[PDB]
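First, one chain by itself in structure tokens, the form deposited in one PDB entry.
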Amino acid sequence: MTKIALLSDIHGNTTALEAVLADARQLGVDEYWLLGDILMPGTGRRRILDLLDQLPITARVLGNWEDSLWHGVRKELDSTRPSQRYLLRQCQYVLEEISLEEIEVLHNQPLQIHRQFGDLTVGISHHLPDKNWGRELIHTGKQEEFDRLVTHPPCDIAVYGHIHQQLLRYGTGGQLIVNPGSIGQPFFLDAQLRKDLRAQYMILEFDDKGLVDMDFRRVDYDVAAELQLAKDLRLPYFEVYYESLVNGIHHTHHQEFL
């Protein structure tokens, strides 16, 4: 069998990623799939690329924040929107440690990929197969949008990230649709669930008979340490970051994730 960790929406959250990788290592994970949104608005730059480099990452797709980073260091962002001025500052922060060539590598990733496990075809994308941004696939998204994940082209299981919520539901034709949630910026609309902001990821396990396990995991990490790191590093918008990690609130005029 093959045990796969889905890593999504790290968003530069160094301590959360380190904790998730420690959890996956102890589970004997065989490979990693990277669903995108790797850097920003969190602390990690070189550290995150270094940590990912040590992994057997066998599948990687492009997140909207990779496009944002690329346009951001090319000064191609719309200055008139408050969220884009926030983003510009996060891009400058990243550029301090990450080279333009490395950002080119981040940008040059496919939107959608496919992998085969026996009888099963798995589709993989950050959001929609042809569109890594937007609100189409949120918790209340239209069924016809979900169906885009698993038809034209077809697959039996689709995995996506982007919305920062864990998920297991279906295409109209019964195809599985799963989401690991977010390692670094987990999102909850429910106030009681929002009290627990541990990292989200998931494990897929395939064997000779098919998909044997879908484990939606939560991983504790030292939030105090991540926040102290953000101070020490002069991370822009410390209070926005604090809010995201401690109270789980995100903002249209800051992150504008969706």
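One rule holds for the numbers: they count along the sequence shown, beginning at 1.
The form solved in complex with a small molecule is left out here; the points below concern that form.
- Checking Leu128, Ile163, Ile177, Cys91 against the small molecule in the bound PDB entry, a heavy atom within 4.5 Å turns up for just one residue: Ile163.
- For the marked spot (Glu18, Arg45 and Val223), a heavy atom within 4.5 Å of the small molecule in the bound PDB entry is absent from each of the three residues.
- Interface residue remark: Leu189 is counted as part of the site for the small molecule in the bound PDB entry, having a heavy atom within 4.5 Å.
- Among residues of the shown chain, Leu167 is not one whose heavy atoms approach the small molecule to within 4.5 Å in the bound PDB entry.
- Within 4.5 Å of some heavy atom of the small molecule in the bound PDB entry lies at least one heavy atom of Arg135.
- At a distance threshold of 4.5 angstroms between non-hydrogen atoms, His139 is in contact with the small molecule in the bound PDB entry.
- The stretch that touches the small molecule in the bound PDB entry, counting heavy atoms within 4.5 Å, is 57-65, out of 229-237, 57-65, 201-209, 24-32.
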